[PDB]
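Inspection log for the structure reproduced underneath, given as structure tokens.
Any read-out appearing in this document is the output of simple, stated calculations on the displayed coordinates, not a laboratory observation. Here the Cβ positions follow ideal geometry from the backbone for every residue, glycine too, while neighbour counts run over all protein chains shown.
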Amino acid sequence: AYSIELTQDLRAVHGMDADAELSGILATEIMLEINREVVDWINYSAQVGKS
Amino acid sequence: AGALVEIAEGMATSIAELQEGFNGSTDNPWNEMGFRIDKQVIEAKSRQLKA
Amino acid sequence: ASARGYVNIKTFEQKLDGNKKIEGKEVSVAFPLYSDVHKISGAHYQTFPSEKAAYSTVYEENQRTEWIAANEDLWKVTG
Amino acid sequence: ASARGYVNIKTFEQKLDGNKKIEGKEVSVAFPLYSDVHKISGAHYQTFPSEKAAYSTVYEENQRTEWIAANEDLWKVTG
Amino acid sequence: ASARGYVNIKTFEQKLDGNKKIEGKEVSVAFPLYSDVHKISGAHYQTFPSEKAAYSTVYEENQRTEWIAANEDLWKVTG
Amino acid sequence: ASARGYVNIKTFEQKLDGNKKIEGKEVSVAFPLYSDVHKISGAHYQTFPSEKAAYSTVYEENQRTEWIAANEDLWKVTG
């Protein structure tokens, strides 16, 4: 939920998209969390070693 | 006498950006315009003489 | 004075729960402090810049931890 | 009677502010009086036409300045 | 206990009229009971499954006509 | 009030027979009642419309059966 007034001026000053910069950090953030999840299950589901 | 002068100005893009409930803001609707279309009705009146 | 700008947040109070409110608070912030730290979203507010502080609750150039406690105080739920 | 029709406005009150209300009012209006001047927008109503007045409060063919005062008073803010 | 699952419905209390509330109701329901008959739409709720009933008002495998009356009870108008 | 218009019928009384009369009747009629039922022909009358009833005896929007008895009573023969 970015803004319509943003992409007007941001793209004017910085030339950035301001959409694919958000779409790029959401699509990445779900792929990181899904990946942090299993490695947080393995260490959650792992027996206590050296026991 | 110049005490009370007459101006016209625009909307600060901090306000204009979020207008009618964006980013959680409230109570600030946009202005709107309609049109009306009413009607008038006339009637012919007679007139006459004799000899 | 702030010497730059005043971003003025006015929260609008509401009934969150039974016989409870989130109290609407007129507050003003020095613009450079505001751009640095503001938590306001979904808070039922409206903001405008002004050359002079437009609300009686004024936060100047330097408060920080005094202001950081005031903006999160906009969500205080009182009965 | 108005002998044309009645536009029946049923307004639903809300909590405007801390322990306050914008009073809801069930009212009938003569359909020619309603079409001429009616201020209802954003008033959280529901309107229906009818042959006979569907609510106790009725505004007949000639009220105008009485009704024009009432339709704006749908926004009355009470403590 | 139901031994299967529980669908926890938390209905939020809103101001329906002046000084008239729809009581906020925390309730759990046995999942095969909630699946069979559930009236909840537009009731201003939020629902989550659970292993055990997560609220104090619990309708187990066998209530039915008591829950059938209890979910339409979520729309009750309290003075 | 009929709020629209009144058709005003003024019948002029006459000597029908030896020492008898058909008496004259000044009456106003709501125009949407006048168009529906008016028996006036050969009645020795004259008619003009007006926004306000011009004669004392007035039949508003709803009489009908009370006017329908009156218009054909313009032929009442008196002694």
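Remarks
- What the phi angles of the stretch B:39-51 give under the Karplus curve with 6.51, -1.76 and 1.60, with θ = phi - 60°, is a coupling list of 9, 10, 9, 10, 9, 7, 10, 7, 4, 4, 8, 8, 9 Hz, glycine and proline written as x.
- Of the GluC sites (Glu not before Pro) found in chain B, those in coil by DSSP whose Cβ has at most 14 other Cβ atoms within 10 Å are B:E6, B:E9, B:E20, B:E32, B:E43.
- Other-chain or far-sequence residues with amide H under 5 Å of C:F48's (modelled H): C:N8
- The orientation-averaged projection of the convex hull spanning the C-alpha atoms of chain A amounts to 5.1 square nanometres.
- Cα-based equivalent ellipsoid, chain C: semi-axes from gyration tensor eigenvalues, Å: 24, 12, 10
- For the stretch C:28-38, 3J(HN,Hα) per residue [Karplus equation, 6.51 cos²θ - 1.76 cosθ + 1.60, θ = phi - 60°, Hz, x = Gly/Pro]: 10, 9, 4, 4, x, 5, 5, 4, 6, 9, 8
- Derived scalar couplings between HN and Hα for the stretch F:53-67 equal 4, 8, 10, 5, 7, 10, 10, 7, 3, 10, 10, 6, 3, 7, 7 Hz in order, rounded to whole Hz, by the Karplus curve 6.51 cos²θ - 1.76 cosθ + 1.60 (θ = phi - 60°), x for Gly and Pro.
- Distance from the stretch A:12-47 to chain B (C-alpha centre basis), Å: 49
- Nearest residue to the symmetry axis between F and D, taken on chain F by its Cβ, in whole Å: F:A3, 4
- Under-5 Å amide H pairs with C:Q14, H placed in peptide plane, nonlocal only: C:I22, C:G24
- With Cα atoms defining each centre, the stretch C:31-79 and the stretch D:38-79 are spaced 41 Å apart in the structure.
- Nearest-0.05 FRET efficiency for F:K39 and F:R4, computed from C-beta distance (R0 30 Å): 0.90
- Label point 7 Å beyond Cα along the C-beta direction, distances from D:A69 to other copies (nm, shortest first): 4.1, 5.0, 5.3
- Counted charge near D:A54, where neighbours are those whose Cβ lies closer than 15 Å (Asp, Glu -1; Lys, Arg +1): +1
- Debye log10 I(q)/I(0) at q = 0.06, 0.09, 0.11 Å⁻¹ for the protein assembly as shown, Cα point scatterers: -0.56, -0.94, -1.16
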